[PDB]
Amino acid sequence: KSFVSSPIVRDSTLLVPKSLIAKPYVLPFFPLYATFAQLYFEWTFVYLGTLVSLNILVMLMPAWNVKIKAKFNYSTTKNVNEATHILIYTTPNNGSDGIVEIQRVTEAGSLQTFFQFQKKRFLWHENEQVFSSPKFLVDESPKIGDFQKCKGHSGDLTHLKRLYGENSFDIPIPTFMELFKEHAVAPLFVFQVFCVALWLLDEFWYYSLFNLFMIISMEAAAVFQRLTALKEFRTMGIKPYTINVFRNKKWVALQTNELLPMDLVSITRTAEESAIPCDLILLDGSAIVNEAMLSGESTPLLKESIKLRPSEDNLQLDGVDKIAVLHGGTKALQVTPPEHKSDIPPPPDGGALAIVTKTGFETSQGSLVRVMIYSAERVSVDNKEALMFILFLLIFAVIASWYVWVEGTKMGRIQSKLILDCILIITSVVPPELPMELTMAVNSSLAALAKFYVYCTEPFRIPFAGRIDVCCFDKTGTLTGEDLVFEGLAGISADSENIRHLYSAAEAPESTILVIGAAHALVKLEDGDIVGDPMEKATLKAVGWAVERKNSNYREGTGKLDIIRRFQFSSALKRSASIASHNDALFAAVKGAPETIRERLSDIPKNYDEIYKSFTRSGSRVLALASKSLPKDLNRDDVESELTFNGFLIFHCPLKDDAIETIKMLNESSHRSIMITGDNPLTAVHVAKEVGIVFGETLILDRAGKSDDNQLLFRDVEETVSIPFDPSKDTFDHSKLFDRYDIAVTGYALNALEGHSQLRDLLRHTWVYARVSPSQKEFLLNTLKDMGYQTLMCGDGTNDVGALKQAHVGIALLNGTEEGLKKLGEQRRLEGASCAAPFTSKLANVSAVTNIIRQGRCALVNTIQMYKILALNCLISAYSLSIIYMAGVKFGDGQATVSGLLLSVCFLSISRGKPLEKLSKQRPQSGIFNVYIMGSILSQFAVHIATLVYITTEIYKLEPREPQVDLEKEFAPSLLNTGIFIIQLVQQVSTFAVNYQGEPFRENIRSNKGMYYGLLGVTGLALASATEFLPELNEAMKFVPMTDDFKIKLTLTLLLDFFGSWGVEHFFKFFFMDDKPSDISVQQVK
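Just so we're aligned: the sequence shown equals residues 4 to 44, 55 to 645, 653 to 852, 958 to 1211 in PDB author numbering.
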């Protein structure tokens, strides 16, 4: 019948609305009301009370769960035309279930049934009888000829407008009332309002009023906090602006909204605070886009046309054909008009023609925004632990309420009013803010992080960051700042009597300087700027060349030079080549890694291999330069056929000034830090030894000989020792290899060992991985996760975006300056991004890792202390209320209100705290149920109940109460009320002061004054009340004057209970707080 085919949906059934008569909360209750009215025409009023309660609960139940709603309100049907609602069962990894409405409208004489789920359109395909999301031509089966033969949309495009929709983000911000209406129905708020209604029924007016006002204030604050974020998500959408669109074989200006797939557009220089409308593929022309917003890189790429590729044979691969794609949201710096004529007339503006591919939420940035908004997963997805913890307290509640009921029946009290006290106790045991504690902790931590420019895309990853066991770094862009300092040319001396002989500048032969000036990818814009790789800019400034607006680069003091044609640079077969021209003749230069350049030129120098390894061993990074004279548009293998050596480029990459200290702190903080990079092993080992990852000597695993025989050779950085190894036959020796050298593994040795039995034993002792392909990083992270070690990878992001999402927590360290961000913030205030990794840091410093780890640790430990404090306060309050209600006494209004205020004063201050700068070796354990929490809670509760029972025995000894007939609980001054109230108010503060978090994680209690002074003031008030130091206070609060002997017992008992609780909590914390670190985070070498 009816179905939905999409990766989001799992199952679906149609619905139809049911009349109000047949609803489950209207008809079945009228017979019960009639029976109650007949029986009525004391003990019967509780029956009407519970009947109204059950009715309102049945009426509120459909809003809590969606399946209950679908079963109550609607009845399932299997006819697609008649149904006016539909239910969607989501895939367990995408959002949650929901009910969505089916809409109908007639177009072109035929009705089209469509709805919208998670801002993802659907339609009704008559032949398949199944709702299906609209499918774009690019994804399923692209053909490169189809994009060329297209001539844009023509005619009346109403069906396309219905199928694809408007090309804009659609996030509606609801009004405050609409959001508060939903927040009110929530189970927590309903339970809290019911708890307040009970206190109203028990003749507590001011207490209930204050509590209700506080609840309403908290809900209003939460709604404002949600609305501000919903408004923040709106600014990511681009502002509509005019572009030219090809329709009806003529250029007409349409806004950004009225865009559809397979529509021709003309892109020009992007304006201020604007971006590219939607995902496009170039059809003709060129552009220099700036991917800083989507990719998070500074170097602006160079995009080329697709017209040159043949149309019939080739397919649109989105691989080698990635230079033609323009992602949405990026800015275009310079665009060039089409050179030759085509079937379509040239655009009125000098912009480049391009084809739209994806519109709306289905582009990359749109998909990311949708995933962030709807399919986001909240913290503590399981949520079973909080409910189990609440059931524990409810068991204790029932144990106390049974005794309350038995004693109330024994002392002659009325049962009709005693059931109300039983319900009060049971409902006062349960804390409402218990399950929603981790969310508030994570939100506070996210705010404190965003104060440090460390913005967070996915919040639930924060508790993962608290206890991380292995953190993986990257060499370039992360541990090395990209400000290269040119050192000097080398290897140009044919004699070369000295290996390390360097020519600074203005001394090499003209060939070397011509080559280093010709082969580069820089370009000057029409406005006038220099854009490119900063290493090339630094090199070009050091040698003294100058690039003009035209590709010609001259004025270097040696002549005039121009670039005729250039070749792209790729990771595979890595090198850059270009063909230039000099006033005498024409030549061709090439610049690439030395290992690949050596196998190209004919005349091999004698000191090549020696000098390359010598300069690579100590920090420096080398590049080779070669040229060939070319006599007078051709392929790439002819220009690079044979070459002539011209020298080396020696770049000394300096470390970030903040790397050594952060790595030292991470090493001494019970974390293991390993390096994963793509550079050659010598430079990687040198950087790892200078930073502090490897201490002693190091070994390098690599191929033995040029033959692909898969034989790995252990070899030191120098030629001092060489150990032969065989992956098929031999095996790793622990004492001979792992105990002494802390080896480093090359990607080739990791590939050849794929399938060995001791791979998982090898991956425990290595700290440095070099020459790993972007695919093997995912394998390494997956293996580290499989062994049971949580991972934290911090890299630049643009090179390996898929690897960051694999680790438990990933960070992308962008490039920026503190003064730049300060000026930007000042400009934004006067006026009033990576988006690819989970966590982003706008600043280039490395301390973001330490910052996020510390914040996660603090969030975890704050959650723990809030659990303990809430549970203990609830139990204490419950048992104090029980001890009171056993007899006829009860609190008044002023006493309970003052108790509430004096506890809220401490609740305010206890959230504040400043984390210690240095991390600690003790990692906090996650989970509610463990020896520490349960032991501490139960034993502190034992001490508190011992104190309470002793003082109650003493008070009953002082004044005896006799069983009276038909007692009614009423407030009158008596010794029992005084004693129990002072004990309650002192013991809650005692728990607040004992269960505060220790120094090692965040801070000591004494350091912060906001809590110290509050606790001292409340304890001073309580001690002046207990000792009768100010008779005006006792008289004003209705406290009976106590005997001289009883005050001593009260004061000493409280002062001893505090010490007992402190001692027990300190013992449990000293013995069961920190979990043991793993076997990999140890420090030892021989």
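We put the CB at the ideal spot given by N, CA and C, even for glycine.
Measure the Cβ-Cβ separation of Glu304 and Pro313 and say whether it is below 9 Å. Taking the first residue of the sequence shown as position 1, residue 304 is located at position 291. Taking the first residue of the sequence shown as position 1, residue 313 is located at position 300. Cβ distance < 9 Å, so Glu304 and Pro313 count as in contact.
Using the rule of at least 16 other Cβ atoms within 10 Å of the residue's Cβ for burial, across every protein chain shown, is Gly178 buried or exposed? Start at 1 with the first residue of the sequence shown, and residue 178 comes out as number 165. By the 10 Å Cβ count, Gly178 comes out buried.
Going by other Cβ atoms of all chains shown within 10 Å of its Cβ, with 16 needed for buried, is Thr525 buried or exposed? The count along the sequence shown starts at 1 and reaches residue 525 at position 512. Counting Cβ neighbours within 10 Å, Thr525 comes out buried, since at least 16 surround it.
Does DSSP classify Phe130 as helix, strand or coil? As a first step, residue 130 must be located in the sequence shown, where it is residue number 117. Three-state DSSP puts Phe130 in a strand.
Flag this pair as touching only if the region 1002-1022 and the region 478-493 have three or more C-beta atom pairs under 8 Å; answer yes or no. no
Between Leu124 and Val151, what straight-line distance do the alpha-carbon atoms span, to the nearest angstrom? As a first step, residue 124 must be located in the sequence shown, where it is residue number 111. As a first step, residue 151 must be located in the sequence shown, where it is residue number 138. In this structure, the CA atom of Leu124 is about 28 Å from the CA atom of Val151.
Where does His672 fall in DSSP's three states? Indexing the sequence shown from 1 puts residue 672 at position 652. Looking at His672 - three-state DSSP - the assignment turns out to be strand.
Cα-Cα separation between residue 53 and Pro147, rounded to whole angstroms: Residue numbering in the chain jumps from 44 to 55; residue 53, which lies between, is not modelled.
Taking the C-alpha atoms as reference points, what is the distance between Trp137 and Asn94? Here residue 137 refers to the residue found at position 124 of the sequence shown. Here residue 94 refers to the residue found at position 81 of the sequence shown. Rounded to the nearest angstrom, the two C-alpha atoms are 11 Å apart.
Using 8 Å as the Cβ pair cut-off and three pairs as the minimum, do the region 995-1005 and the region 1059-1077 touch? Contact between the region 995-1005 and the region 1059-1077 is present, because at least three Cβ pairs lie under 8 Å.
Buried or exposed, going by whether 16 or more other CB atoms sit within 10 Å of the CB of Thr751? Working through the sequence shown from its first residue, we reach residue 751 at position 731. So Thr751 ends up on the exposed side.
Beta-carbon proximity list for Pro361, same chain, < 7 Å, skipping 5 on both sides: As a working note, residue 361 is residue 348 in the sequence shown. So the qualifying residues of the chain are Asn257 and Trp264.
Based on DSSP bridge pairs, tell me the residues matched to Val635. Position 622 of the sequence shown, counted from the first residue, corresponds to residue 635. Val635 pairs with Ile670.
Residue environment, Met813, which counts as buried when at least 16 other CB atoms sit within 10 Å: Here residue 813 refers to the residue found at position 793 when the sequence shown is read from its first residue. Buried, since its Cβ has 16 or more Cβ neighbours within 10 Å.
From the DSSP output, in three-state form, read off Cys163 for me. Start at 1 with the first residue of the sequence shown, and residue 163 comes out as number 150. Looking at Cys163 - three-state DSSP - the assignment turns out to be coil, as it is neither helix nor strand.
Every unbroken beta strand (DSSP E) within the region 594-623, with a cutoff of 3 residues, ordered by chain: 599-605
Quick one, which of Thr571, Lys563, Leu586 and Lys587 has its alpha-carbon nearest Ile577's? Translated into positions along the sequence shown, residue 577 becomes position 564. Among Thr571, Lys563, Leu586 and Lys587, the Cα nearest to that of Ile577 belongs to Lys563.
Quick check on the burial criterion: 16 or more other C-beta atoms within 10 angstroms. Buried or exposed for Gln116? Taking the first residue of the sequence shown as 1, we reach residue 116 at position 103. So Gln116 counts as exposed.
Complete alpha helix (DSSP H) runs within the region 215-270 (minimum length 4 residues, chain order): 219-245
Measure the C-alpha to C-alpha separation of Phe715 and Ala637 and round it to an integer number of angstroms. Here residue 715 refers to the residue found at position 695 when the sequence shown is read from its first residue. Here residue 637 refers to the residue found at position 624 when the sequence shown is read from its first residue. Whole-angstrom Cα-Cα distance: 32 Å.
In angstroms with no decimal places, state the Cα-to-Cα distance between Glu141 and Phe135. Numbered from its first residue, the sequence shown carries residue 141 at position 128. Numbered from its first residue, the sequence shown carries residue 135 at position 122. Cα to Cα, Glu141 sits roughly 13 Å from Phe135.
What runs of the beta strand (DSSP E), each 3 residues or longer, lie entirely inside the region 400-464? none
Based on the DSSP secondary-structure assignment, which residues constitute the bridge partners of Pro20? If you number the sequence shown from 1, residue 20 lands on position 17. Answer is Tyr87.
Cβ pair count under 8 Å reaching 3, the region 660-670 against the region 494-505: yes
Residues sharing a beta bridge with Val467, DSSP: Here residue 467 corresponds to residue number 454 of the sequence shown, with the count starting at 1. Looking at the DSSP assignment, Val467 forms a beta bridge with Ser966.
In whole angstroms, give me the CA-to-CA distance for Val419 and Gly1052. On the sequence shown, position 406 is the one that residue 419 refers to. On the sequence shown, position 927 is the one that residue 1052 refers to. Going by the C-alpha atoms only, they are around 37 Å apart.
Residue range of the alpha helix (DSSP H) that includes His533: Here the question's residue 533 lines up with position 520 in the sequence shown. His533 -> no alpha helix (DSSP H), and no H or E assigned at all.
Just to confirm before moving on: does the CB-CB distance between residue 649 and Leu100 stay below 9 Å? Here the chain is numbered 645 followed immediately by 653, so the structure offers no position for residue 649.
Is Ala590 helix, strand or coil by DSSP? Along the sequence shown, one-based indexing puts residue 590 at 577. Of the three classes helix, strand and coil, the one that applies to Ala590 here is strand, per DSSP.
Status (buried if at least 16 other CB within 10 Å, exposed otherwise) for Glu839: If you number the sequence shown from 1, residue 839 lands on position 819. Per the 10 Å Cβ criterion, exposed.
Using alpha carbons as the reference points, say which of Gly808, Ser230, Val971 and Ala199 lies closest to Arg784. By one-based count along the sequence shown, residue 784 stands at place 764. Answer by Cα proximity: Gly808.
Taking all protein chains shown into account, do 16 or more other C-beta atoms lie within 10 angstroms of the C-beta of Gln205, making it buried, or fewer, making it exposed? The count along the sequence shown starts at 1 and reaches residue 205 at position 192. With 16 or more neighbouring CB atoms inside 10 Å of its own CB, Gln205 falls in the buried class.
Just grab the DSSP bridge partners of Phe734 for me. On the sequence shown, residue 734 is found 714 positions in, with the first residue counted as 1. According to DSSP, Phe734 bridges with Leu721 and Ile743.
I need the DSSP call for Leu314, collapsed to helix, strand or coil. Here the question's residue 314 lines up with position 301 in the sequence shown. If DSSP states are grouped into helix, strand and coil, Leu314 belongs with coil.
Among residues of its own chain, excluding the 5 on either side of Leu614, which ones have a beta-carbon nearer than 7 Å to its beta-carbon? On the sequence shown, residue 614 is found 601 positions in, with the first residue counted as 1. For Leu614, where only same-chain residues beyond five positions count, the Cβ hits under 7 Å are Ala639, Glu662, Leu663, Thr664 and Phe665.
Using CA atoms only, rank isn't needed, just tell me which of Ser1024, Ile694 and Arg630 is closest to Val483. For the purposes of this step, residue 483 is taken as residue 470 along the sequence shown, with counting starting at 1. Checked all of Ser1024, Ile694 and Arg630; the closest Cα to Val483 is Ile694.
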